[PDB]
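Hydrogens, waters and symmetry mates play no part in the numbers below; they use all other heavy atoms, side chains included. Order of appearance sets the numbers: ligands from 1, and atoms from 1 within every ligand. Residue numbers begin at 1 in each chain, while the letters A, B, ... track the order of the sequences.
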Protein chains: 2
Amino acid sequence: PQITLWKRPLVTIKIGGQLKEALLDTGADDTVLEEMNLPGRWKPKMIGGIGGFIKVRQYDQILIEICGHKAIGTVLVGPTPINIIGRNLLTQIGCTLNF
Amino acid sequence: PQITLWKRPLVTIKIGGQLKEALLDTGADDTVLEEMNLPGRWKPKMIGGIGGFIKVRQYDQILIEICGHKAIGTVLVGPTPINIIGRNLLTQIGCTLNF
Ligand SMILES: CC(C)CN(C[C@@H](O)[C@H](Cc1ccccc1)NC(=O)O[C@H]1CO[C@H]2OCC[C@H]21)S(=O)(=O)c1ccc(N)cc1
């Protein structure tokens with residue numbers, strides 16, 4: 001499909017058997033999701049943007065479905081104000097910018 | 001053009017008669033540029049990102065050309081980690097997400 005940018009590009013995703021709303025974000029290197037209790041091991045990480053850095057938990061090879069498009073890759077989990085789908089997964093669903 | 005997301009979607013912009021590199025950022029409502037000298041009046045504003053809130057200078061009705069496409073809109077100037085082009089200007093150049 002095609003998504004215009006008049007409003008925030010929020011879409012439904014499926015992760016760990018849960019449906020959430022997330023932002024398709026070309027400015028995010030990696031996917032970061034609001035606090036959630038995923039199982040498995042993880043690695044500490046810090047990611048930075050406007051305002052500074054937050055601490056997150058890095059989970060690897062996590063399956064996520066974005067608009068019915070399946071993907072698998074790194075998912076960060078932490079106190080982000082919003083669920084963010086980053087380039088690491090946007091590439092996997094064939095997402096491009098067009099103008 | 002069609003821009004894939006394996007690398008950061010960095011493009012050259014022209015603002016205040018000066019060339020700069022900036023990130024096309026569909027997750028940003030607004031356009032935020034690193035510290036620079038812009039002519040005309042400005043108002044102090046606050047904006048929040050993943051790590052909290054920063055103080056910025058708001059310039060309205062600024063001419064800015066993004067990858068050969070002209071836009072006239074609001075540009076925030078402050079301590080952002082990188083020049084980001086947000087939806088307020090992405091809409092003006094006709095940018096959409098496609099997958
Ligand atoms: C600043 C960018 C280089 C990086 N950011 C993605 C960006 O899209 C954020 C994503 C974002 C969106 C909402 C809230 C927090 C973060 N947007 C943002 O900061 O925009 C601000 C300017 O316009 C306003 O609209 C949104 C917030 C303001 S980030 O959220 O900090 C980020 C950094 C690293 C990763 N792996 C994932 C995300």
Near A:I84, which atoms of ligand 1 are under 4.0 Å from a heavy atom of that residue?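 Close to A:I84: 10 (C), 30 (O).
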What atoms of ligand 1 come closer than 4.0 angstrom to any heavy atom of A:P81?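 The atoms of ligand 1 under 4.0 Å from a heavy atom of A:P81 are 14 (C), 15 (C).
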Mind checking what makes side chain to side chain donor-acceptor pair (under 3.5 Å) contact with B:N88, not counting sequence neighbours?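 Result, side chain to side chain donor-acceptor pair (under 3.5 Å) vs B:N88: B:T31.
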Checking A:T80 now: which residues fulfil side-chain contact (heavy atoms from CB on, under 4.5 Å) with it, not counting sequence neighbours?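 For A:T80 the side-chain contact (heavy atoms from CB on, under 4.5 Å) partners, ignoring immediate neighbours, are A:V32, A:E34, A:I54, A:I82, A:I84, B:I50.
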Measure across A:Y59 and A:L38 and return the closest heavy-atom pair with its distance rounded to 0.1 Å.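 Of all heavy-atom pairs spanning A:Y59 and A:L38, the closest is OH-O, 3.5 Å.
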Taking all heavy atoms of A:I93 and all of B:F99, pick out the closest pair and write down the distance.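 Where A:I93 meets B:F99 most closely, the heavy atoms are O-CB, 3.5 Å.
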Decide whether the shortest distance between a heavy atom of B:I82 and an atom of ligand 1 is less than 4.0 Å.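 True for this residue.
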Check if A:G48 has a non-hydrogen atom at a distance under 4.0 Å from any atom of ligand 1.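 So A:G48 counts as touching ligand 1.
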Which one of B:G86, B:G49, B:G27 has a non-hydrogen atom at the shortest distance from atom 17 (N) of ligand 1?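 That would be B:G27.
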Identify which of B:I54, B:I50, B:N83, A:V56 has a heavy atom lying nearest to atom 31 (O) of ligand 1.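 Comparing heavy atoms across B:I54, B:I50, B:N83, A:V56, the nearest one to atom 31 (O) of ligand 1 lies in B:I50.
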Salt-bridge criterion met for B:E21 and B:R8 (N-O under 4.0 Å):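 Not counted as a salt bridge, because no side-chain N and carboxylate O are separated by less than 4.0 Å.
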Just to be sure I read this right, does ligand 1 sit under 4.0 Å from the backbone of B:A28, its side chain, both, or neither, counting only heavy atoms?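 Near ligand 1, B:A28 shows its backbone as well as its side chain.
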Contact partition for A:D30 relative to ligand 1, non-hydrogen atoms under 4.0 Å: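 Both backbone and side chain of A:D30 come within 4.0 Å of ligand 1.
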So for ligand 1, is B:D29 a polar contact partner (N or O within less than 3.5 Å, distance only)?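 N/O-N/O distance under 3.5 Å: yes.
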Would you say A:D25 and ligand 1 have an N/O pair spaced under 3.5 Å apart?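 Yes; at least one N/O pair falls below 3.5 Å.
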Identified side-chain hydrogen bond (donor to acceptor under 3.5 Å, both in side chains) counterpart of A:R87 within the set A:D30, A:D29, A:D25: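 That would be A:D29.
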For residues A:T96 and B:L97, determine if any side-chain heavy atom of one lies less than 4.5 Å from a side-chain heavy atom of the other.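 In short, these two side chains do not touch, never coming nearer than 4.5 Å.
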